[PDB]
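We begin with a single chain expressed as structure tokens, specifically the form deposited without the named molecule.
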């Protein structure tokens, strides 16, 4: 029943021993793409979400049996090509001598010492992140490394890049590894199911999984969420934050109205269905509305809670897949070579599972559960004193910020790549806890002990010479120039 292109994909995947759940999942996306689907979600088809419960209003914590049944997973399979990264982002330094992986392991240790003695922790890796993550734990945290292969690591799948005009699997004789790509972090459900780990977790008595981004060190277990999901019988819960100006890369919550038409004299009652819209899913000529933080003010944190037996049941009842909406990413098979064949890279976002369950919902959480690092501008804020380290080893906004991170605007010509950002803070990281907005234009180098307050702009109009800010300089509500 499949097309020739789709069959070619199946054959390639089978020959490469790709797990069948992945093949089934991918093919379904392939069929959608062949019928015109791109993943685009226009604003005319959605409407904002105006009312949600709040974590700040919750007080009751879950019982010990529920806490014991909760697995913690951290995403760690992405390639931060936007920050000029070649390995796992979690190996980058966050504070003095501590990486993302350092605080993550310290959070797990803390939870095991004070909350759940046998807390199960997992990492979803790619082959482009697996060995470096394992060797890091090998040296710094041997208790995690000893059970790394047995219970920690979940290996994400690889799917073929398909030619844009025929949807056949793309070939690249120069480097056939470039014929494959990660299918996004929405692959977590497919990888858990196809590897049999989802069934084994349910067999072992686990009932909840808390997933979060590897770059968000503010996301740990909150026992009030588990009690909330138990009481309200919620099978999937997405943590959303009130959107700030800094929330530009990610996705926002949205709703549609599905009319359960009337019965037994009852009228047609509207029921709100929730969905996620990534930035890639917004029509590119309509990005103004995706960026309106007032129109769509609920930003997905990717702190997700899933009831594992219901996820398992749902997948089994759908041929062994979770039919997440496909995102059609347009690239070239060698993303560095504009002359290489153009391809589609079919991906899904794990937050899109909010549309897969009848009892799915979202809850508004404070900013201290969301400290994202998508760019080097985010990393400057996280490295600065605007973020502090909690006792349970979370990275949270300083209380003085009132939930608003400093708005950091770095010249993309000089600081988009990690090597360029490293030159900017070579002599020290400026104080930004009292800085509302910092904009760096042109070639600039921070000095030692810089203190920024208010709205600060550093503009070097002649980038033939870098502008080194003097040591101890204090910039308050000003624009500094050579």
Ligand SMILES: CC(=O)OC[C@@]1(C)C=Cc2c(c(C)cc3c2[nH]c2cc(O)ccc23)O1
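Positions refer to the first chain, counted from 1.
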Can you let me know which of the two, 449-457 or 55-63, has the higher average C-alpha B-factor in the entry? 449-457
Determine, for stretches 279-287 and 238-246, which one has the higher mean CA B-factor as deposited. 279-287
Among 333, 111, 92, 253, single out the one with the highest C-alpha B factor in the record, please. 111
In terms of CA temperature factor as recorded, identify the highest of 193, 127, 393, 208. 127
Place residue 80 in the lowest, middle or highest third of its chain's C-alpha B-factors, as listed in the PDB entry. highest
By the recorded C-alpha temperature factor, relative to the other modelled residues in its chain, which third is residue 176 in? middle
Compare the C-alpha B factor of residue 347 with those of the other modelled residues in its chain, then answer lowest, middle or highest third. lowest
Thinking about Cα B factors across the chain, which third does residue 121 belong to? middle
Split into thirds by Cα B-factor across the chain's modelled residues, where does residue 164 land: lowest, middle or highest? middle
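There is another form of this protein, the form solved in complex with the named molecule, and it is not shown here; the text below is about that form.
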Can the named molecule, laid in as it sits in the deposited complex by superposing nearby C-alphas, fit this form, that is, is the pocket open, or is it blocked with 3 or more ligand atoms within 2.4 Å of backbone or C-beta atoms? blocked
Among the candidate residues 383, 223, 242, 134, which is the single one with a non-hydrogen atom no more than 4.5 Å from the named molecule in the deposited complex? 242
Looking at 366, 196, 309, 319 here, can you tell me which has any non-hydrogen atom within 4.5 angstroms of the named molecule in the deposited complex? 366
Interface stretch in the deposited complex with the named molecule - options 328-336, 106-114, 261-269, 242-250, non-hydrogen atom within 4.5 Å: 242-250
Looking at the partner-bound form in the deposited complex, is residue 255 within 4.5 Å of the named molecule by any heavy atom? no
May I ask you to state whether residue 98 is within 4.5 Å of the named molecule in the deposited complex, using heavy atom distances? no
4.5 Å heavy atom contact, residue 140 and the named molecule in the deposited complex: no
Are any of the heavy atoms in residue 231 no more than 4.5 Å from a heavy atom of the named molecule in the deposited complex? no
